[PDB]
Amino acid sequence: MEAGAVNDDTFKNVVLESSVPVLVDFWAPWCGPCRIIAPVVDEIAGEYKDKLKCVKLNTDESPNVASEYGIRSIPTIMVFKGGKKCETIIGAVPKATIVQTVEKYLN
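The sequence shown lines up with residues 34 to 140 when you count with full-length UniProt numbering.
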(Lines of atoms letter the chains of each structure in order from A; the text may use other names.)
(Lines give C-alpha, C1' and ligand atoms only; values in the text may rest on other atoms or scores of the structure.)
Protein backbone atom coordinates (compact mmCIF):
# COMPACT_ATOMS: atom_id res chain seq x y z
CA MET A 34 0.00 0.00 0.00
CA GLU A 35 1.07 3.70 -0.13
CA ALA A 36 4.62 4.30 1.16
CA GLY A 37 4.93 5.70 4.72
CA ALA A 38 7.87 7.53 6.37
CA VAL A 39 10.10 6.11 9.14
CA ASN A 40 13.07 6.96 11.37
CA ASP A 41 15.09 4.98 13.96
CA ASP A 42 12.25 4.92 16.50
CA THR A 43 9.35 4.09 14.15
CA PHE A 44 11.48 1.64 12.08
CA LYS A 45 11.42 -0.78 15.02
CA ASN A 46 7.59 -0.90 14.96
CA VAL A 47 6.89 -0.36 11.26
CA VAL A 48 9.70 -2.66 10.03
CA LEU A 49 11.33 -5.03 12.59
CA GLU A 50 8.03 -5.80 14.37
CA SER A 51 6.00 -5.89 11.09
CA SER A 52 3.49 -8.69 10.35
CA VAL A 53 2.96 -8.07 6.61
CA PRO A 54 5.86 -7.49 4.15
CA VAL A 55 7.65 -4.13 4.09
CA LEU A 56 9.65 -2.18 1.44
CA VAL A 57 11.91 0.40 3.15
CA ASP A 58 13.64 2.91 0.85
CA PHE A 59 16.71 4.31 2.62
CA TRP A 60 16.66 7.84 1.11
CA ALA A 61 17.78 11.42 1.83
CA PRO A 62 16.92 14.92 0.49
CA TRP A 63 20.41 15.12 -1.08
CA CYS A 64 19.73 11.73 -2.76
CA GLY A 65 18.57 12.85 -6.23
CA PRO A 66 17.92 9.28 -7.52
CA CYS A 67 15.98 8.48 -4.33
CA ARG A 68 13.78 11.56 -4.77
CA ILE A 69 12.97 10.85 -8.45
CA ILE A 70 12.44 7.09 -7.69
CA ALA A 71 10.18 7.80 -4.61
CA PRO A 72 6.97 8.35 -6.73
CA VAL A 73 7.71 5.03 -8.47
CA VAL A 74 8.30 3.41 -5.04
CA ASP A 75 4.95 4.77 -3.82
CA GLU A 76 2.76 3.92 -6.83
CA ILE A 77 4.25 0.39 -7.01
CA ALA A 78 3.55 0.06 -3.29
CA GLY A 79 0.00 1.30 -4.02
CA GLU A 80 -0.36 -1.54 -6.55
CA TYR A 81 0.90 -3.98 -3.84
CA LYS A 82 -1.93 -3.01 -1.48
CA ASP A 83 -2.39 -4.60 2.00
CA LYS A 84 0.80 -6.68 2.02
CA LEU A 85 3.64 -4.44 0.91
CA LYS A 86 4.19 -1.90 3.70
CA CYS A 87 6.34 0.46 1.69
CA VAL A 88 8.25 3.15 3.59
CA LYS A 89 10.99 5.77 3.34
CA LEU A 90 13.83 6.02 5.91
CA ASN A 91 15.91 9.22 5.99
CA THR A 92 19.49 7.90 6.02
CA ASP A 93 20.96 11.22 7.25
CA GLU A 94 18.45 11.49 10.13
CA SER A 95 18.46 7.71 10.86
CA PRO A 96 22.06 6.63 10.07
CA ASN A 97 21.77 4.30 13.07
CA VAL A 98 20.12 1.35 11.34
CA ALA A 99 21.88 2.15 8.05
CA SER A 100 25.18 1.63 9.94
CA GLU A 101 23.88 -1.54 11.66
CA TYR A 102 22.87 -3.02 8.27
CA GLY A 103 25.93 -1.66 6.39
CA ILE A 104 24.35 0.94 4.09
CA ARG A 105 25.79 4.27 2.86
CA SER A 106 25.05 4.73 -0.83
CA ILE A 107 21.33 5.25 -1.51
CA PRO A 108 18.74 4.49 -2.79
CA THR A 109 18.98 1.20 -0.93
CA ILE A 110 15.49 -0.34 -0.98
CA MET A 111 15.36 -3.17 1.57
CA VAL A 112 12.56 -5.76 1.51
CA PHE A 113 11.10 -7.50 4.56
CA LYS A 114 8.57 -10.36 4.41
CA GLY A 115 7.48 -10.28 8.08
CA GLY A 116 9.64 -8.26 10.48
CA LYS A 117 12.90 -9.78 9.21
CA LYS A 118 14.63 -8.75 5.97
CA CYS A 119 14.39 -10.77 2.73
CA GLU A 120 16.11 -8.87 -0.12
CA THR A 121 17.59 -5.43 -1.02
CA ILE A 122 17.73 -3.41 -4.29
CA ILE A 123 20.36 -0.62 -4.70
CA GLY A 124 20.46 2.35 -7.11
CA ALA A 125 17.83 3.67 -9.55
CA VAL A 126 15.66 1.15 -11.46
CA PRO A 127 12.92 1.15 -14.17
CA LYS A 128 9.45 0.58 -12.66
CA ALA A 129 8.84 -2.60 -14.71
CA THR A 130 11.93 -4.18 -13.15
CA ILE A 131 10.91 -2.99 -9.65
CA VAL A 132 7.40 -4.48 -10.14
CA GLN A 133 8.78 -7.82 -11.33
CA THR A 134 11.44 -7.85 -8.58
CA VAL A 135 8.71 -7.26 -5.94
CA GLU A 136 6.40 -9.90 -7.48
CA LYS A 137 9.03 -12.67 -7.44
CA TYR A 138 9.42 -12.04 -3.65
CA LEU A 139 5.70 -11.49 -2.86
CA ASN A 140 3.38 -12.43 -5.79
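Where is the CB? At the ideal position from N, CA and C, for every residue including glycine.
- Cβ atoms of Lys128 and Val57 stay farther apart than 8 Å, at about 18 Å.
- Exposure of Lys45 is indicated by the presence of fewer than 16 other C-beta atoms within 10 angstroms of its C-beta.
- In terms of CA proximity to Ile70, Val126 leads the group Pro62, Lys82 and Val126.
- The beta carbons of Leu49 and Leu85 sit no closer together than 8 Å.
- Closest by C-alpha distance to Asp93, out of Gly37, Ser51 and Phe59, is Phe59.
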